[PDB]
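Visitor: experimental coordinates follow, after the sequence.
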Amino acid sequence: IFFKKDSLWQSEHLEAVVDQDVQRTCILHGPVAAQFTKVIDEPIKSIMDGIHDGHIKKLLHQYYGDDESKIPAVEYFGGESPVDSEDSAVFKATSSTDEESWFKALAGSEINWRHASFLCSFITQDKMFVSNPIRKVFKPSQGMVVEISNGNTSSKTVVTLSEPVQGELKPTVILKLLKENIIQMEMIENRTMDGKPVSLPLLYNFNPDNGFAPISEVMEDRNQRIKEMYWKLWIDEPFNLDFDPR
Amino acid sequence: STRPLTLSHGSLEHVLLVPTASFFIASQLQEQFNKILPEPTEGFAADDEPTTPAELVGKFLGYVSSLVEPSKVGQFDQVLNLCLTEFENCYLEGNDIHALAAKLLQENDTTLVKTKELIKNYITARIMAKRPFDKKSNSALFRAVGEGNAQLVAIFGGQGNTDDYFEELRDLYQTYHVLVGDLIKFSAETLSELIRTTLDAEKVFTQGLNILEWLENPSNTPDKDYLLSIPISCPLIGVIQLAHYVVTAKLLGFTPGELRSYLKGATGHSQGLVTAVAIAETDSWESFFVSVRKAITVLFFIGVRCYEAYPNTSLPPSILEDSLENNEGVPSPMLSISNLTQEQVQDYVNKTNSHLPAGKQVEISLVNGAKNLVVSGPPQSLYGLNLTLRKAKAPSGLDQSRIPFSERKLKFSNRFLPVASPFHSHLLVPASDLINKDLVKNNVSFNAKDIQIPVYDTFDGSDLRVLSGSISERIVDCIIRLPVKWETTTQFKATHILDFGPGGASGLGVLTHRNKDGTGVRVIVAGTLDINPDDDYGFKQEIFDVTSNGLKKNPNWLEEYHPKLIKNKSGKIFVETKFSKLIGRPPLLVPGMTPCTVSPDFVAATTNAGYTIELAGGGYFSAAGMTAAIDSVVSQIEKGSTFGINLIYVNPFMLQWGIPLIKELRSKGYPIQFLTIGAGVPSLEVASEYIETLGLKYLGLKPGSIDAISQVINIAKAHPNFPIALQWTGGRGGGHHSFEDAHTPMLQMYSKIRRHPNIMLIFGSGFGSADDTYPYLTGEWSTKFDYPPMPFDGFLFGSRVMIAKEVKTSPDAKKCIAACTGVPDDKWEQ
Ligand SMILES: Cc1cc2nc3c(=O)[nH]c(=O)nc-3n(C[C@H](O)[C@H](O)[C@H](O)COP(=O)(O)O)c2cc1C
């Protein structure tokens, strides 16, 4: 036990070995994989990119006649489980409508901000991975109608959900696009003192370079934007947060 | 104007709206069938009683059809036509009876005997009703063939598939009497004619060859030792195959020429090859029996002449005792060696032939697969070989898992075939010339122009038609003495195969399926109606199925797992595999390594290098010390990056805080994408807990040997929609390594893994470049082993990465790792 216990950490910290002599230490290493460990301090990204490209270059030569153009493009490459087109669409949610089928119908076939925003099971709050609110909101139930405008042109596409507000049926959610990589889930409140509804912008960044979770929630002045909304509902002053609590 | 008429078997009933015109005779046959039908029992377990309303109606149809005479137009006929059409449009939803029968077996608590009793009833009822299958069936399979989306080849099984083979002929007679009972009696009288025709046939047929007598009355049926005797068995298997062909042609509603035209080629195993060429030449229903008489004749002669040259002899009762008392077969003139290569067996038979004289030397008869040979000779000499083979084999209940792969004792099986003649051995050579004098006697010769579809020779694999010499001479030469090179002859490109021969699911169909698993080609056993639980080969129903369940294609690995490329909006090129699709990063990962991937700075760097790495838990002791590590990763990485955690299974103390910690971080939502379990595979309950509680994306497992891989497969099956990275590594891996070879366990499991779409099969161990990994992405790495290509979804690098910039290994260690020369994959086990 004395001889053998704790026998690995020594190689990483040759300063805490008798002579700073590596020949004392135990280094785990694969006999076969020892044929390719020859260049020291080669950067991690240099090796990995160097293997991947070594792959891409071969596949391209063997299966695309060395023509890069032939490669199929996508919005973003990720978040596709290994289990397995009309513009002005409408969808009527019942109590019995399937969850998956409903979300596949919302997303559409083409890989675009919609596809991510309705199928990404997660989103990124800072570094944290919080469950997707857009899959929570468009969980199907009685009343809600989902209209899609410019549905075959992503950039212009705007999904509107509408629900029964006091017997009559009004729009609740307007998920649309701001500037290229900004998704505004404009959540509307109609039941107000003056009848003039209050629009909450739940902004989200859309990064296609993160194939896994391309949807991140905007948190800078996100409190301020919920404050501005609750300053319209509750307060009847002009909005100002620069007042001392004391 | 139709009055209701109800018929019941206890709780279950059916109703037919009988026209008030034909109500009296219907209501008369109603009480008649109700007094024939026995009392309802609990569970309906007993025989001769329906379990379902389809089976009840079927029995009614059968009972009615029995009272119907097809010559005389009776008052039973109009009600028969009314109740038959009622069954059809109530139960046969366009689909064939065989598909319905298959759904009854799959869904209901109906036995297979009940199903065969339903189907014979329906067919009987269909024939007496004066309603043949003149209409060309809408069977999905043949529809796809006609449209050119498929290609068929018909194979024909030979001797030694099964011992109890006569019970197939019985089953065909009993079930499809009304379809094949004309062929059976025609064959019967043809054999009877050939007995007293031939000078010395009556000698060998001691207990006669009145096949119709034994079929009609099972009591009269001789012992199986007489039935396996080749002069009887040969032509009778011939008749079994032809009867399976006719059944096929009739149910489809084609002529024997029309079905032959649908096929792109046909071949047989040994004496099935003769049926193939007889089926190759058939054209109409009328000129069918000219081809049959040819097939019967040739099969009768080869069976008589072979038996006369070398008959089975008295065997010493000591040898029979010794083979029985070691869980080995009764000696016979063929022995099947499974899980040994052709070269090994050739060496051992060369050793045997050394001592033995020329007259008793044994030679390899069939090469069924790469690792499945059959040696033929004298059963005493084949015992003398079986003794040599029993030395080398280790006990089946021996654990060699802890022994290095190449120092293990090679384990195989060796069982005697159920056959009564040394086919494809020098012992049957004298018969050759005698058969040709008998073949020319009956003028039973095949012309090249008469054959329309190609038939493949069993020895060289070439087409029969192209032979400039006598086709009858060559096909005799093939069956009696020339060895079968089965994988030479079966190298045709075809989308489907039809097994007609004997054996059902033990015969030739399943052997070909195993011998070209994963090349896409589907095998359908056309012999018997049954349910395959894995659905890795079809039964009769899939021929006659009219829904999309007919044209089921077997996965082709090369094309289904073809590594692709894709580009992002930014225009970065990813390798597109199963793995990469999920993670949305290149399909490489650096696996959890203690102490190299314990450093938060390394994990962070590699994550920020656009690759997937696992935080090694092995360097961490407390929930706190790990939590502080992770929060040092999270600080460094980019927003919406992720990294995995590599917990060892064998360290219980590590798991008891490690698992709950991850559960807390994931319930709070830290960027922990996945968990790897290194050194061990968890139990089904513990693995289920990790999946359904820790709320990961996927779960990595590192199986050490075959038993582990199996256990992984079980866990994936238990959670079909949850993705499961299988991180396979050999014994050649760095760190804690098993004794397993890198390659062989994947040859032996690639099939069984890929049948579960949620397993993301990652090859690892001995990788540091693209050149050495390319053939395992392409799949070609399996071609060296004589398999179809087997592409892998991803790759892990363990050793290669340890001389990186960001790994905290001390510079003089890095120098020492570099200075290691290393050895190729063949040497490492030193
Ligand atoms: C220093 C070192 C530490 C390792 N530590 C672990 C570990 O903690 N858990 C584990 O499952 N595998 C460990 N491995 C095995 C790797 O995860 C991987 O299976 C193996 O390195 C791949 O083989 P290769 O090293 O020949 O590439 C380690 C390997 C090395 C070289």
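Guide: The structure has been received and is ready for your questions. Residues are numbered from 1 along each chain as shown, chains lettered A, B, ... in the order given.

Visitor: just the CA trace of stretch A:177-194, in CSV.
Guide: As requested, the backbone C-alpha atoms of stretch A:177-194 are provided in CSV (Å, rounded to 0.1, in the frame of the first residue of the first chain):
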residue,chain,number,x,y,z
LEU,A,177,-36.1,39.0,-35.5
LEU,A,178,-34.4,42.3,-34.6
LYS,A,179,-30.8,42.9,-36.0
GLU,A,180,-29.5,39.7,-37.6
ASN,A,181,-28.5,37.8,-34.4
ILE,A,182,-31.1,39.1,-31.9
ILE,A,183,-34.4,37.3,-31.2
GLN,A,184,-37.2,39.4,-29.5
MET,A,185,-39.8,37.2,-27.7
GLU,A,186,-42.0,40.3,-27.4
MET,A,187,-44.4,39.2,-24.6
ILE,A,188,-47.5,41.5,-24.5
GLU,A,189,-49.8,42.3,-21.6
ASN,A,190,-53.3,43.7,-22.7
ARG,A,191,-55.1,43.8,-19.2
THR,A,192,-53.8,47.3,-18.3
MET,A,193,-55.4,50.6,-16.8
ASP,A,194,-55.3,52.5,-20.1
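
Visitor: give me the neighbour count for residue A:141.
Guide: Residue neighbour count, defined by other CB atoms under 10 Å in any protein chain shown, stands at 11 for residue A:141. Every residue, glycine included, has its C-beta placed from N, CA and C.

Visitor: and the longest helix for chain A?
Guide: Counting residues, the longest helix found in chain A (DSSP state H) is helix A:44-64.

Visitor: hmm, that one in reach of the ligand?
Guide: No. With CB under 6 Å from any ligand atom as the threshold, helix A:44-64 lies outside contact range of the ligand, at a closest distance of 12.2 Å.

Visitor: check which residues of that helix are buried.
Guide: When burial is assessed from 16 or more other CB atoms under 10 Å in any protein chain shown, helix A:44-64 yields the following buried residues: A:44-45, A:47-49, A:51-52, A:55-56, A:58-60.

Visitor: what residues does chain A put near the ligand?
Guide: Taking CB under 6 Å from any ligand atom as the criterion, the contact residues of chain A with the ligand come out as A:28-30, A:32-33.

Visitor: of the residues you listed - the most surrounded one?
Guide: Within these, residue A:30 tops the neighbour count with 30 neighbours, counted by other CB under 10 Å.

Visitor: and residue B:369, what does it touch?
Guide: Residue B:369 makes contact with B:486-487, B:511, B:514-515, according to CB atoms under 8 Å, 6 or more residues apart in numbering or on different chains.

Visitor: please redo it, this time with the cut-off set to 6 Å
Guide: Under the criterion of CB atoms under 6 Å, 6 or more residues apart in numbering or on different chains, the contact list for residue B:369 reads residue B:515.

Visitor: before we move on, what about residue A:162?
Guide: Contact partners of residue A:162, counting by CB under 6 Å, 6+ apart, are A:145, A:169, A:171.

Visitor: follow-up on the earlier one: okay, the residues of chain A next to the ligand in TSV with secondary structure next?
Guide: Rendered in TSV, the data for the residues of chain A next to the ligand read as follows (DSSP: H, G, I helix; E, B strand; the rest coil):
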residue	secondary structure
A:28	coil
A:29	coil
A:30	coil
A:32	helix
A:33	helix
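
Visitor: just these now: which is nearest residue B:735?
Guide: The shortest approach to residue B:735 among the residues of chain A next to the ligand belongs to residue A:28, at 4.6 Å (CB to CB).

Visitor: the residue of the stretch 1-150 of chain B found nearest the ligand: neighbouring residues, count only.
Guide: Scanning the stretch 1-150 of chain B for proximity to the ligand using CB to the nearest ligand atom identifies residue B:106 as nearest, at 42.1 Å. Under the neighbour criterion other CB under 10 Å, residue B:106 is assigned a count of 11.

Visitor: that one: what's it in contact with?
Guide: Shown here is residue B:106, whose contacts under the criterion CB under 6 Å, 6+ apart are residue B:531.

Visitor: no more questions from me, cheers.
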